[PDB]
Structures are given as structure tokens and as C-alpha cells.
Amino acid sequence: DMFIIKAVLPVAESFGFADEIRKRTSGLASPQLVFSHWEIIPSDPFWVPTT
RNA sequence: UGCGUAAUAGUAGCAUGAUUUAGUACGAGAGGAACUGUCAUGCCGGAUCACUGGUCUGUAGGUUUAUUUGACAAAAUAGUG
């Protein structure tokens with residue numbers, strides 16, 4: 001009876017994210033959290049913007 | 001003289017809470033209203049003294065200090081002792 005998305009979701013930006021949607025809507029939003037591996041994105045974190 | 005009018009002017013009541021609605025509506029939950037009804041309350045005003053309190057030259061009674069009038073008596077003065 002279920003419909004599935006396999007969309008990626010950063011570990012940091014979920015901080016009680018799966019807990020909210022589950023309670024708000026049980027059955028019509030049942031997030032099963034399963035790790036895979038760390039995706040690399042084009043961005044360079046560094047302290048102080050120079051020039 | 002009475003009984004009246006009423007131009008002109010002034011003019012007064014305002015504000016809350018509890019409950020009823022309703023743990024309702026609303027909201028995934030967290031929470032959480034209103035119209036309406038009732039009982040009250042804050043300040044504002046206009047009166048009144050039945051109660052309660054206040055006051056006392058009612059110099060109304062009661063008590064007592066000092067002095068005076070021989071004593072008791074019953075009074076006086078002490079600016080209402």
C-alpha cells in the first residue's frame with residue numbers, strides 16, 4: 001500500500017525532522033532512516049573571507 | 001399671586017473580571033477564542049443615614065485628681081479638669 005521516495009537527507013539538517021512528520025502524519029509519512037555513504041558537494045568551508 | 005411652559009446654556013457614567021457559551025469553535029499537537037446570557041468588581045457621578053463605625057456644650061449619665069464650700073451632701077473652679 002506504500003509509495004516510496006529514496007531522497008537523500010543530510011544528517012546535520014535533520015535534528016528531530018523525522019520525529020515531527022511521523023507524529024504529524026502517521027502512515028502517510030513513515031520515514032525509515034538508513035545510512036549509505038557521505039556525498040561530496042562542491043563547497044569549501046574556511047574561516048574569514050579574504051579579499 | 002398661583003400652576004405651568006421651555007428658548008439658551010450645561011449634561012454622566014465609564015472600565016473590568018469570574019462564570020454561561022466552552023474546555024466548545026479553531027488547531028496534527030502545544031494550546032485555545034467570540035457574539036449572547038448571569039453575578040460581581042474598579043474608578044466616576046447623584047443622594048441618604050435603617051445598620052456599623054466616627055465624632056460630643058446633650059458640659060446627657062457614669063468614674064475619679066487637685067482645690068474650695070466645716071463634715072457628709074450636693075455643687076463650683078482647673079478657660080469643657
# chains A, B, ... in the order shown; residues from 1 in each chain; ligands from 1
call {"tool": "interface_residues", "arguments": {"of": "chain A", "to": "chain B", "cutoff": "9 Å", "atoms": "only C-alpha atoms (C1' of nucleotides)", "output": "number ranges by chain"}}
result
A: 23-25
call {"tool": "residues_around", "arguments": {"residues": "residue 11 in chain A", "least_positions_apart": "6", "cutoff": "12 Å", "atoms": "only C-alpha atoms (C1' of nucleotides)", "output": "number ranges by chain"}}
result
A: 17-18, 33-39
call {"tool": "select_by_dssp", "arguments": {"residues": "chain A", "states": "helix (DSSP H, G or I)", "output": "ChimeraX atom specification"}}
result
/A:18-24
call {"tool": "write_last_selection", "arguments": {"atoms": "N, CA, C and O atoms", "output": "PDB file, in the first residue's frame"}}
result
ATOM      1  N   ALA A  18      12.595  13.798  11.302  1.00  0.00           N
ATOM      2  CA  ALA A  18      11.821  12.563  11.122  1.00  0.00           C
ATOM      3  C   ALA A  18      10.781  12.334  12.227  1.00  0.00           C
ATOM      4  O   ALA A  18       9.771  11.670  11.992  1.00  0.00           O
ATOM      5  N   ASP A  19      11.033  12.879  13.419  1.00  0.00           N
ATOM      6  CA  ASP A  19      10.101  12.769  14.550  1.00  0.00           C
ATOM      7  C   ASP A  19       8.849  13.646  14.385  1.00  0.00           C
ATOM      8  O   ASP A  19       7.782  13.285  14.882  1.00  0.00           O
ATOM      9  N   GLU A  20       8.980  14.785  13.697  1.00  0.00           N
ATOM     10  CA  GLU A  20       7.861  15.730  13.531  1.00  0.00           C
ATOM     11  C   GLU A  20       6.829  15.256  12.529  1.00  0.00           C
ATOM     12  O   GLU A  20       5.630  15.244  12.837  1.00  0.00           O
ATOM     13  N   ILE A  21       7.310  14.878  11.344  1.00  0.00           N
ATOM     14  CA  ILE A  21       6.447  14.424  10.248  1.00  0.00           C
ATOM     15  C   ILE A  21       5.741  13.101  10.541  1.00  0.00           C
ATOM     16  O   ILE A  21       4.644  12.862  10.019  1.00  0.00           O
ATOM     17  N   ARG A  22       6.384  12.269  11.363  1.00  0.00           N
ATOM     18  CA  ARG A  22       5.884  10.965  11.727  1.00  0.00           C
ATOM     19  C   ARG A  22       4.659  11.079  12.617  1.00  0.00           C
ATOM     20  O   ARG A  22       3.675  10.345  12.424  1.00  0.00           O
ATOM     21  N   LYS A  23       4.738  11.996  13.581  1.00  0.00           N
ATOM     22  CA  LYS A  23       3.659  12.244  14.531  1.00  0.00           C
ATOM     23  C   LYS A  23       2.567  13.083  13.917  1.00  0.00           C
ATOM     24  O   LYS A  23       1.384  12.801  14.127  1.00  0.00           O
ATOM     25  N   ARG A  24       2.974  14.098  13.155  1.00  0.00           N
ATOM     26  CA  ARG A  24       2.044  14.959  12.410  1.00  0.00           C
ATOM     27  C   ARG A  24       1.158  14.117  11.486  1.00  0.00           C
ATOM     28  O   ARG A  24      -0.062  14.306  11.448  1.00  0.00           O
TER      29      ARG A  24
END
call {"tool": "residues_around", "arguments": {"residues": "range 34-48 of chain B", "least_positions_apart": "6", "cutoff": "9 Å", "atoms": "only C-alpha atoms (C1' of nucleotides)", "output": "number ranges by chain"}}
result
B: 12-21
call {"tool": "write_last_selection", "arguments": {"atoms": "N, CA, C and O atoms (P, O5', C5', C4', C3', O3' and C1' of nucleotides)", "output": "PDB file, in the first residue's frame"}}
result
ATOM      1  P     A B  12     -21.932  64.246  29.511  1.00  0.00           P
ATOM      2  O5'   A B  12     -22.812  63.239  30.379  1.00  0.00           O
ATOM      3  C5'   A B  12     -23.306  62.000  29.842  1.00  0.00           C
ATOM      4  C4'   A B  12     -23.526  60.995  30.948  1.00  0.00           C
ATOM      5  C3'   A B  12     -24.656  61.289  31.936  1.00  0.00           C
ATOM      6  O3'   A B  12     -25.189  60.067  32.431  1.00  0.00           O
ATOM      7  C1'   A B  12     -22.607  61.296  33.092  1.00  0.00           C
ATOM      8  P     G B  13     -26.127  59.167  31.506  1.00  0.00           P
ATOM      9  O5'   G B  13     -25.153  58.014  30.988  1.00  0.00           O
ATOM     10  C5'   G B  13     -24.515  57.089  31.893  1.00  0.00           C
ATOM     11  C4'   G B  13     -23.070  57.478  32.095  1.00  0.00           C
ATOM     12  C3'   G B  13     -22.029  56.438  31.715  1.00  0.00           C
ATOM     13  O3'   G B  13     -21.784  56.401  30.314  1.00  0.00           O
ATOM     14  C1'   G B  13     -21.477  57.358  33.809  1.00  0.00           C
ATOM     15  P     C B  14     -21.673  54.996  29.547  1.00  0.00           P
ATOM     16  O5'   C B  14     -20.133  54.617  29.690  1.00  0.00           O
ATOM     17  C5'   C B  14     -19.109  55.442  29.114  1.00  0.00           C
ATOM     18  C4'   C B  14     -17.844  55.335  29.923  1.00  0.00           C
ATOM     19  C3'   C B  14     -17.148  53.993  29.874  1.00  0.00           C
ATOM     20  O3'   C B  14     -16.392  53.863  28.691  1.00  0.00           O
ATOM     21  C1'   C B  14     -17.193  54.773  32.099  1.00  0.00           C
ATOM     22  P     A B  15     -16.230  52.436  28.059  1.00  0.00           P
ATOM     23  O5'   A B  15     -15.428  51.644  29.184  1.00  0.00           O
ATOM     24  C5'   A B  15     -13.993  51.570  29.132  1.00  0.00           C
ATOM     25  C4'   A B  15     -13.432  50.851  30.333  1.00  0.00           C
ATOM     26  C3'   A B  15     -13.662  49.350  30.406  1.00  0.00           C
ATOM     27  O3'   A B  15     -12.899  48.546  29.515  1.00  0.00           O
ATOM     28  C1'   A B  15     -13.997  50.291  32.540  1.00  0.00           C
ATOM     29  P     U B  16     -13.387  47.045  29.187  1.00  0.00           P
ATOM     30  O5'   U B  16     -13.022  46.236  30.515  1.00  0.00           O
ATOM     31  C5'   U B  16     -11.649  45.963  30.883  1.00  0.00           C
ATOM     32  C4'   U B  16     -11.540  45.470  32.313  1.00  0.00           C
ATOM     33  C3'   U B  16     -11.812  43.992  32.531  1.00  0.00           C
ATOM     34  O3'   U B  16     -10.644  43.240  32.220  1.00  0.00           O
ATOM     35  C1'   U B  16     -13.006  45.242  34.142  1.00  0.00           C
ATOM     36  P     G B  17     -10.759  41.858  31.408  1.00  0.00           P
ATOM     37  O5'   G B  17     -11.277  40.838  32.516  1.00  0.00           O
ATOM     38  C5'   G B  17     -10.371  40.392  33.538  1.00  0.00           C
ATOM     39  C4'   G B  17     -11.113  39.881  34.749  1.00  0.00           C
ATOM     40  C3'   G B  17     -11.864  38.574  34.584  1.00  0.00           C
ATOM     41  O3'   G B  17     -10.903  37.522  34.664  1.00  0.00           O
ATOM     42  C1'   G B  17     -13.182  40.115  35.820  1.00  0.00           C
ATOM     43  P     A B  18     -11.117  36.144  33.866  1.00  0.00           P
ATOM     44  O5'   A B  18     -12.170  35.370  34.781  1.00  0.00           O
ATOM     45  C5'   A B  18     -11.908  35.083  36.172  1.00  0.00           C
ATOM     46  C4'   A B  18     -13.159  34.569  36.842  1.00  0.00           C
ATOM     47  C3'   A B  18     -14.001  33.618  36.007  1.00  0.00           C
ATOM     48  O3'   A B  18     -13.400  32.342  35.898  1.00  0.00           O
ATOM     49  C1'   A B  18     -15.430  35.173  37.026  1.00  0.00           C
ATOM     50  P     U B  19     -13.558  31.532  34.544  1.00  0.00           P
ATOM     51  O5'   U B  19     -15.095  31.118  34.571  1.00  0.00           O
ATOM     52  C5'   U B  19     -15.617  30.300  35.634  1.00  0.00           C
ATOM     53  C4'   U B  19     -17.117  30.414  35.693  1.00  0.00           C
ATOM     54  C3'   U B  19     -17.870  29.895  34.481  1.00  0.00           C
ATOM     55  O3'   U B  19     -18.052  28.482  34.472  1.00  0.00           O
ATOM     56  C1'   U B  19     -18.696  32.023  35.041  1.00  0.00           C
ATOM     57  P     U B  20     -18.259  27.716  33.076  1.00  0.00           P
ATOM     58  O5'   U B  20     -19.565  28.406  32.472  1.00  0.00           O
ATOM     59  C5'   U B  20     -20.883  28.126  32.998  1.00  0.00           C
ATOM     60  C4'   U B  20     -21.966  28.607  32.058  1.00  0.00           C
ATOM     61  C3'   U B  20     -21.740  28.329  30.587  1.00  0.00           C
ATOM     62  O3'   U B  20     -21.960  26.953  30.355  1.00  0.00           O
ATOM     63  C1'   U B  20     -22.536  30.521  30.837  1.00  0.00           C
ATOM     64  P     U B  21     -20.847  26.104  29.619  1.00  0.00           P
ATOM     65  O5'   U B  21     -20.940  26.649  28.123  1.00  0.00           O
ATOM     66  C5'   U B  21     -22.191  26.654  27.394  1.00  0.00           C
ATOM     67  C4'   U B  21     -22.191  27.705  26.305  1.00  0.00           C
ATOM     68  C3'   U B  21     -21.219  27.486  25.157  1.00  0.00           C
ATOM     69  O3'   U B  21     -21.750  26.541  24.226  1.00  0.00           O
ATOM     70  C1'   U B  21     -21.125  29.748  25.864  1.00  0.00           C
TER      71        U B  21
END
